[PDB]
Structure formats: C-alpha cells, structure tokens
Amino acid sequence: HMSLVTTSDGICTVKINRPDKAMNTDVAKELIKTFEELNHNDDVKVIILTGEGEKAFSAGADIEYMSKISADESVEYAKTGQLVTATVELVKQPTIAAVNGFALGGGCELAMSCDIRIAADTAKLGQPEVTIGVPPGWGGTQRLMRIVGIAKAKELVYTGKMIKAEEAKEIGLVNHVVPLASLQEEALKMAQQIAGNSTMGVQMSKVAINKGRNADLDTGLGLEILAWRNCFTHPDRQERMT
Amino acid sequence: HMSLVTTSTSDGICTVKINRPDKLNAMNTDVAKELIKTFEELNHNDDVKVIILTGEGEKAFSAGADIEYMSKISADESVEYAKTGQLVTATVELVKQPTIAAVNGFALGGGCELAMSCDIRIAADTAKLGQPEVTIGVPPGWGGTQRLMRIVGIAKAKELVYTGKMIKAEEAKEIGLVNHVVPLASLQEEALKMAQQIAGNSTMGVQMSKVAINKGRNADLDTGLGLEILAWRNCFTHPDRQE
Amino acid sequence: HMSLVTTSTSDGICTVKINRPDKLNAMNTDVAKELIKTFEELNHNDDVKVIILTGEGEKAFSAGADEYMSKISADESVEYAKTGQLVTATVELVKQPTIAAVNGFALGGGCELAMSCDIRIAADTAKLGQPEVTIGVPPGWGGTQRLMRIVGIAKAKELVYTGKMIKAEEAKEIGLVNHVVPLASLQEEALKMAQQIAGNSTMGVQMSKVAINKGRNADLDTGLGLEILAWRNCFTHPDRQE
C-alpha cells in the first residue's frame, strides 16, 4: 500500500501507493505505522511526503466514500483521520508535503498536517466535503484556519471550491510552487538543506513551534527556554559553534 | 431604515442593506439595534442559505467615521456604546448562515468593524477601509482591536490602528482584509455568484463548519479538533450526507 | 552601546540606534541589558510619543545571530535566554508604538528584536533570517514564537527549520516586514510614518497597543474585554472630546 525509500543516510520519501484511486481507513492506519517507525528511527532527519504517480498527492474528495454507515461509525472514521493527521504532524522529523497534483479533501488535510508544503504548478487543493453534506473530518476546519487565516478558510470551506496552486502560494496554503518536473528535485534540495542543519536544533524547534501555537506568548516562551536548554546539553551546539 | 430582500433559487439568498446614504450609511445606536433584529439575535429562518450585507447607495458600505461625532456624553454610557457595537458585531459574526460582506466604497470606524464581523468580504475597486478611531482619542471599540488582528496579522493590524489611515481595495486584498476585489459595476453579481455557490452546497454542512470554525478560532488545536468531530457526526445524522 | 535622540513635530519621536558599527551591531549581554534600560522596563518619559529602533552604520540593524561567544554552562544561558526574553518583553510592551527601521542585516537575536516591534520598515538591502539551527540550537529570545505570530506557522517553520536568509522583497510577501523602501529613504519613511502616529491622540494609540498586545493571547471574548476596558478609559481622558 506504500513504499519507504531512505537515502543521503538521513532522508526518506513516503509515497502513498494507491494510484488506482485516495485515503481510506486502511491506507491511513498504514500511514500511522510508517510514521511511528520514523519516530524511533534515528537515521532519518526529514521526511518527504508525496503521492505515487504523477497526478495526485491525494484525491480523497471525490473517489472514496465508505459514507453509507450510521452516525456512530463516523466518529471512529474521523478518529482514525485525526490520529493519522496527528501522527504525521507531531512526528520527530520535519515533514515536506510534495504536492504532485490533486490534493483534495482528506488529501489536503494530510498535506496541511505536514510542516512545509511545496506544490507542483499542476496541483489543485481545497476542501470539497461540503458538496457531500459534511464538514471536513480529518482536520480541515482548524488547520486550514491556522495556515491561511480565518478569511480564506471560510471561503474555501463554505464554497468548497477547488483552487490552483498559484493562488495557494498567494493565500499561503503552500509555501513554494515549483514545476511538476522540478517538484522532486526542489523538495530534495530543501530536504538536504534541513538535513545539513542540526537535528536537535530543528527537531526541538518543531516541538516549541508545534506547541507554542496553542498557548499565549508567555507559556510558549517557556517551551522555547526549555528548548533552549535541551540543545545546550548536546554536543551539537558546542561543536558547530566554531 | 434598513432593507432586506429574499430572492434566489427557491429564495435562498438574502441581501441585507443598510439604508442611510444621506450620511454615508453611518452606524448610530439605532442602526446597530435595528440590524441586530434583522439577524434575529444569532439565528435566522430556514429559507435563507446565504446572507449578503452591503450599504445601500453604492457610494459607501458604512462611513461612520467623520459623520457621527456624537461621543460627547458620560464615559459611563461609553460602556453601553461599545457594548451595543460588541453585540451587533457578534450577531453578524455568529449568525447561522454565512455572510458575504460586499463592500461598496467607504468602510471606516464601525463600518470597517461591521465588515470584519462577516465571513467573506468581496471588495469593489473603489473601496477604502480603515480604523481612524485613534485620530479622535479612542481605539476602535466595536471589536476593531481584536477582529482586525485575527484576519490580517499583528503587523498590519497595528500599523492600521496606530496611524488610523485609509487603505485602497487592492492593498486590502494584499493583506487579506478583503477576500476578492471586483469592479463596482459587477460587484453585486459577483457577491451574488459566490452566494449561490455556497447555497448550492448542503446547508447543514455549511453552518456546522461555521460553528467549528468560529468557535475553533478561540481554542487550541486539541479542543478545536474535538469540535470538528462533533459537527462531523452531527452531519451524519441527517439525510444530506447519504443523499 | 546606545544613542538616544528625541526631536519631532510636537517633539515626541525618539530615535534609538544600536551602537556597535564594527561588529555589525551584534547582540551580547552588554547591549541587551542597556536596551532594557533604554526602554526603562515597560515605560518611558511622557514627552516621547513614538520610538524608532534601527542599527548604526546603515548596513546592519543587528546581525546578532551569526555573536556566537556563548559555548559553556547550559545553566548560564537559561539566563542568557532570560536576558534575551527581557529586552523583547520590554521593547514589545513599551508604552508607545515601536517602529523598526531595519537597515541591512537583522538575523536571529537581531531579527527577534525586530519581531518585538509593532512596525517594521525595511530596505532593499535589509534581509532577515533565523540561522540558529545552523549553529545547533533553536531561537532563544522569542524567535520560535514571535515569527509564527507574524508570518504564520508555514513560513516560520520554513525559516526556523532551514535557518536560511531571505530578502526584503519576500519578507514583505510573508508579512515579516510591513513596508519596503529604498536604502536612501528608510529614516525619512520611518520618520513620516512615526509622525503619522505621533500626530494622533497619545492615549488612543498606546491604549490600542495594550488592547492588541495583551489581546493577541486570549480568546475573542476575553480580547473584547480588553478593548471595552481600555475604550472606557479614553473617554475619561480629555483627548477624546477636544
């Protein structure tokens, strides 16, 4: 259902292997197991998330509907979606979501759960779950409001319209827009630049960043000063400070 | 005093208009009170799916900056002047259906604060916005200090309030104060065109994202994610999901 | 280590420069503690209406991220961060607005000082970054928090993780700097802007400052409680009527 390919050796690419369709509750639990093994793995430093093939990081907004169930099964299905999204967000290494095309619905939510999104020019993003009678279920209603603002979040969830990649850099949904034939190379170059950076400086920057967003400045500064301390008991600080 | 028209595909879209072009559609005490009743105090009727808010006359949305200098009484009562503005901005903000604020020209003081309470702001190319309250001696007391920084950030909000200037529409879209900017002649159609797109989608799935968004903006990720999972299950208890 | 000139129309704009031209205005424990005295620990004199912070030499605001003379005693940096968290707390919470006319290099400790200011007006040569991770540590004086609350989580993560160095053209593209103006016209542009706020009501602007600076850390309802309390006070103050 997937592949893992590490090379440097400190970076792997995780490729969602379902080109015939899309993220069900079967390729999501697989996504949980793959990102838990990278948490305990010490010889990868950043993670590149992309879709198999050349036309969709993930289109799970038109091509997978187990939605013929009762309301109670919706809670479990959403809980699976929150967990996989939470896993790929709070993973130890930085995540680069290489958007090679369609990233809609759940696919956008998984991509939004990543740290950095570099999209191909031939990429389409949005939250069309309102066309099927539901809100976003895997994390659209909150994460989308945090990366692009409350204004552009309401426009993209109420209408449910699909948008091109260029207007996503304009609204900040993606960080960089790069050609489809140059998406893998540019994502790797960014990955190599982060990989060359200190692991403990970056990984503990992520913890202070992924947690300082959920509190005031004062409490967030407490995590930073605790982040400041931990990287100091590490030879990485002293060795590179020359 | 104010005008409402309910007309769309089987009457789903309502266009609410402030009626005071004589004084640039200013917002005094009565205009706040009358508008709050129009939004029915945080609910509406089932017929309306999308709300469109825009000042009548095509000249201004609400230029209540220079034309209402009535703040000359009893700083005790200034609490109830801000409370009334706080209530009107909450009622527009927390109304059941999405609000499309099609600004047409001037939006200053409380008028800019009224627009920021809405969900989506589509701008005319002749529109200008700002919070000139500081030039008088007061901050924006209708949510202008709080709402403004949550839509454009801390750098642009602080710059806008401190100087108290007026920004043209293209720089409002640049910082995100307005979602879209369209020619004034073609404004009401484009504002309408987005409304039928929102109304065409399932109504309950629209107003449940709104609850999860308007309430998830005021909490950490964990609490906000727990609100989404409740509206998501709420939307599976209704035929719109299956059909 | 400092230079404090105060002259304007109504004589209320105080120009504050970092005085260390030979070291690119680097940030050590000696210049950090003075800027706290320069800002008198969350107050000022009643004459000053507006504060402008820039760097001496017109070539570096503060290149204090790339002063790496602290490689010892993980305990003796808790305070180094506490020192760096105290200038930011004093510069950000000073009574009158802070306008950072950054002039050239402003990185990390210099950059996080700029993030403490309300307004940043850069120049073509003004270029910013947070290369702390390339050193082996996260930002310590508020970089992991103030950058996110300005440019959003997506671009802060890109800046903090890579620790790379961006121009002013894209610094205004992401909201890191409010305005960009030629290298011959920073101080004049900073002055005219600083005049524009100085000509407004003194109680109106600083009580907005308290309403926004404390309101960005609470929910909307509590933030409105901040504004209503400050709003009533201005009515008691004579500037509201005349």
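All of this is worked out from the model, or read from it or from the source named; nothing here is a laboratory result. Note: ideal-geometry Cβ built from the backbone for every residue, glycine included; neighbour counts use all protein chains shown.
Annotations
- Scanning the range C:1-35 for residues that are under 22 Å from C:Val205 (Cα atoms), in contact with a helix residue (DSSP H, G or I) (Cβ under 8 Å, 6 or more places away or on another chain) and assigned to a loop (DSSP other than H, G, I, E, B) yields a count of 4.
- Odd one out for B:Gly226 among (1) out of contact with any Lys or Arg (no Cβ under 8 Å at 6 or more places or on another chain); (2) closer than 21 Å to A:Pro128 by Cβ: (2)
- Residues that are more than 7 Å from chain A (Cβ to nearest Cβ) and in a helix (DSSP H, G or I), drawn from the range B:208-241: B:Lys210, B:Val211, B:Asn214, B:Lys215, B:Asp222, B:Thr223, B:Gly226, B:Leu227, B:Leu230, B:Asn234, B:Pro239
- Single residue of A:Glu64, A:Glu73 found to be among the charged types (D, E, K, R) and either in contact with a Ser or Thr (Cβ under 7 Å, 6 or more places away or on another chain) or within 14 Å of another protein chain (Cβ to nearest Cβ) (or both): A:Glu73
- Set B:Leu114, B:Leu129, B:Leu160: member being within 13 Å of C:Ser208 (Cβ to Cβ) and surrounded by 24 or more Cβ atoms within 10 Å (Cβ to Cβ): B:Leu160
- Checked against (1) buried (at least 19 other Cβ atoms within 10 Å of the Cβ); (2) outside the structural domain of B:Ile122 (by TED's automatic domain parsing), B:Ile167 passes all but a single condition, namely (2).
- Looking across the range C:171-186, the residues that are among the aliphatic types (A, V, I, L, M) and farther than 29 Å from A:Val148 by Cα come down to C:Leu183, C:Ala184, C:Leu186.
- Residues of the range B:189-198 satisfying the condition of being more than 28 Å from B:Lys156 (Cα to Cα) and surrounded by fewer than 22 Cβ atoms within 10 Å (Cβ to Cβ): B:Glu189, B:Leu192, B:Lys193, B:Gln196, B:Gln197
- Here is the figure for the range B:111-159: residues that are more than 10 Å from chain C (Cβ to nearest Cβ) and not in a strand (DSSP E or B) total 13.
- Enumeration of residues in the range C:160-190 that are more than 30 Å from C:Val137 (Cα to Cα), in contact with a strand residue (DSSP E or B) (Cβ under 8 Å, 6 or more places away or on another chain) and assigned to a helix (DSSP H, G or I): C:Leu186, C:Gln187, C:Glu189, C:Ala190
- Residue match in the range A:72-81 (condition: out of contact with any strand residue (DSSP E or B) (no Cβ under 6 Å at 6 or more places or on another chain), of a type in the set (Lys, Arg) and either outside any loop (DSSP other than H, G, I, E, B) or closer than 19 Å to C:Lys157 by Cβ (or both)): yes
- Of the residues making up the range B:194-205, not a single one is hydroxyl-bearing (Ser, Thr, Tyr), within 11 Å of another protein chain (Cβ to nearest Cβ) and closer than 22 Å to B:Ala63 by Cβ.
- Every residue from the range A:26-78 that is of a type in the set (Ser, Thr, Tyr), under 19 Å from A:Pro128 (Cα atoms) and surrounded by 15 or more Cβ atoms within 10 Å (Cβ to Cβ): A:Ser58, A:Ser67, A:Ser74, A:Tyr77
- Being away from chain A (no Cβ under 14 Å), within 22 Å of C:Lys95 (Cα to Cα), among the small types (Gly, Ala, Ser) and surrounded by fewer than 24 Cβ atoms within 10 Å (Cβ to Cβ) is not true of C:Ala184.
- On inspection, C:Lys82 fails the criterion of being of a type outside the set (A, V, I, L, M, F, W, C), surrounded by fewer than 23 Cβ atoms within 10 Å (Cβ to Cβ), outside the structural domain of C:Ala211 (by TED's automatic domain parsing) and touching a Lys or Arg at 6+ places or on another chain (Cβ under 8 Å).
- Among residues of the range C:9-36 that are more than 18 Å from C:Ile52 (Cβ to Cβ), those with a beta-carbon under 8 Å from a residue that is in a strand (DSSP E or B) and not β-branched (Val, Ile, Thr) at least six positions away or on a different chain give the pairs C:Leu24/C:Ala60; C:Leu24/C:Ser62; C:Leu24/C:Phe105; C:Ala26/C:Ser62; C:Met27/C:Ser62.
- Selection status of C:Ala89, surrounded by fewer than 24 Cβ atoms within 10 Å (Cβ to Cβ) and under 25 Å from C:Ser70 (Cβ atoms): yes
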